[PDB]
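Visitor: One file: data09.cif (mmCIF, C-alpha atoms).
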```cif
data_query
#
loop_
_atom_site.group_PDB
_atom_site.id
_atom_site.type_symbol
_atom_site.label_atom_id
_atom_site.label_comp_id
_atom_site.auth_asym_id
_atom_site.auth_seq_id
_atom_site.Cartn_x
_atom_site.Cartn_y
_atom_site.Cartn_z
ATOM 1 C CA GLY A 4 12.951 10.209 -13.489
ATOM 2 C CA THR A 5 9.870 8.976 -11.648
ATOM 3 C CA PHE A 6 11.492 6.616 -9.139
ATOM 4 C CA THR A 7 10.636 8.452 -5.923
ATOM 5 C CA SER A 8 7.096 9.309 -7.045
ATOM 6 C CA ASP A 9 6.392 5.768 -8.246
ATOM 7 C CA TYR A 10 7.875 4.381 -5.032
ATOM 8 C CA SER A 11 5.426 6.577 -3.096
ATOM 9 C CA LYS A 12 2.546 5.089 -5.098
ATOM 10 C CA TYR A 13 3.915 1.627 -4.390
ATOM 11 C CA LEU A 14 3.940 2.491 -0.680
ATOM 12 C CA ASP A 15 0.323 3.622 -0.947
ATOM 13 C CA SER A 16 -0.537 0.338 -2.651
ATOM 14 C CA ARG A 17 1.052 -1.609 0.195
ATOM 15 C CA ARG A 18 -0.964 0.455 2.672
ATOM 16 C CA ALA A 19 -4.171 -0.105 0.730
ATOM 17 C CA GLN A 20 -3.478 -3.846 0.634
ATOM 18 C CA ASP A 21 -2.840 -3.798 4.382
ATOM 19 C CA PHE A 22 -6.189 -2.036 4.822
ATOM 20 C CA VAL A 23 -7.863 -4.697 2.660
ATOM 21 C CA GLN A 24 -6.443 -7.372 4.956
ATOM 22 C CA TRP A 25 -7.637 -5.504 8.047
ATOM 23 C CA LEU A 26 -11.124 -5.091 6.585
ATOM 24 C CA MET A 27 -11.314 -8.863 6.180
ATOM 25 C CA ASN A 28 -9.888 -9.505 9.640
ATOM 26 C CA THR A 29 -6.963 -11.314 7.994
#
```
The structure in this file should be written as structure tokens.

Guide:
Amino acid sequence: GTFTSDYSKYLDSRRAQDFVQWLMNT
């Protein structure tokens, strides 16, 4: 199964979204 690997990509997505918020100062 791909659960752990897909979860890691999900975590990276959350981090990228956090970075997007930071870049906007939001």

Visitor: For segment 20-23 of chain A, take all atoms listed in the file, fit an axis-aligned box around them, add 6 Å to each of the six sides, then output centre and edge lengths in Å rounded to one decimal, as lines of an AutoDock Vina configuration file.

Guide:
```
center_x = -5.4
center_y = -3.4
center_z = 2.7
size_x = 17.0
size_y = 14.7
size_z = 16.2
```

Visitor: How far is it from atom CA of residue 6 of chain A to atom CA of residue 21 of chain A, in Å with one decimal?

Guide: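 Result for atom CA of residue 6 of chain A versus atom CA of residue 21 of chain A: 22.3 Å, one decimal.
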
Visitor: So what do you get for atom CA of residue 22 of chain A versus atom CA of residue 5 of chain A, distance-wise?

Guide: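 If I compute the distance from atom CA of residue 22 of chain A to atom CA of residue 5 of chain A, I get 25.5 Å.
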
Visitor: In Å to one decimal, how far is atom CA of residue 8 of chain A from atom CA of residue 27 of chain A?

Guide: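 Between these atoms lies a distance of 29.1 Å.
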